[PDB]
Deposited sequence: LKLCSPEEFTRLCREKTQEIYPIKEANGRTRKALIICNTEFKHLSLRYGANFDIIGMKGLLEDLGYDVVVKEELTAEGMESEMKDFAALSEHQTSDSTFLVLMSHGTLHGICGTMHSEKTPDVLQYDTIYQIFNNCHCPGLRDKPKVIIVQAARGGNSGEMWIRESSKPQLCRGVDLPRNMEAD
């Protein structure tokens, strides 16, 4: 990751003050980011290579100045409690933003927990994530960017067709 020169940082803060989110100086700054990733499931296929997404995202967010919290192998209720725990961290008061990275198997309206199955649905609705982190329930991140990154399927259909799987490739 190449850094932004201090002259550009002061240039954008002078030219477009009202148009950009205020960035706190790195002195008394405690940026927090959350990574939730599920690899092993009771009924679903093991997500091979999911560790290749954790460290890369964890290293990227660390290069961006975030302290990364990593929680793995969670049910839907486990994800919700870990998100509520992360949303109440006092470090958000001395932060300027947060990142939320969610990686697992997925459904149309939610992300799968470890216990998910056709007969045993274990799904955290993405709508619930917004409730946990909105201005009502997350006072530390009010007026601050909350970025949600989701790696998961959103259904079972293929995303391409013709108009007039490989061995090392898996589906989430």
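Participant: Map the modelled residues onto the deposited sequence and report the uncovered stretches in sequence order.
Facilitator: Comparing the full sequence with the modelled residues, the uncovered range comes out as just 165 to 176.
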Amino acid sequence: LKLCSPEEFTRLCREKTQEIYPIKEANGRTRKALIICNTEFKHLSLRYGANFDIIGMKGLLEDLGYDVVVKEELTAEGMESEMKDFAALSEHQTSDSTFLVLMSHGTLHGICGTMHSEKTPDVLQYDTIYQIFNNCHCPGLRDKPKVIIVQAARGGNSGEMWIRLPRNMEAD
From here on, numbers count along this sequence of modelled residues.
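Participant: Which has higher Cα B-factors on average according to the PDB entry: 153 to 161 or 10 to 18?
Facilitator: Stretch with the greater average CA B-factor: 10 to 18.
Participant: Name the higher of the two by mean Cα B-factor in the PDB entry, 60 to 68 versus 25 to 33.
Facilitator: Looking at the record's C-alpha B-factors, the answer is 25 to 33.
Participant: At the C-alpha atoms, which of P121, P139, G106, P145 reaches the highest B-factor in this entry?
Facilitator: Each of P121, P139, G106, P145 was compared by C-alpha B-factor; the highest is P139.
Participant: Please place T98 in the lowest, middle or highest third of its chain by C-alpha B factor as given in the entry.
Facilitator: It falls in the bottom third of the chain.
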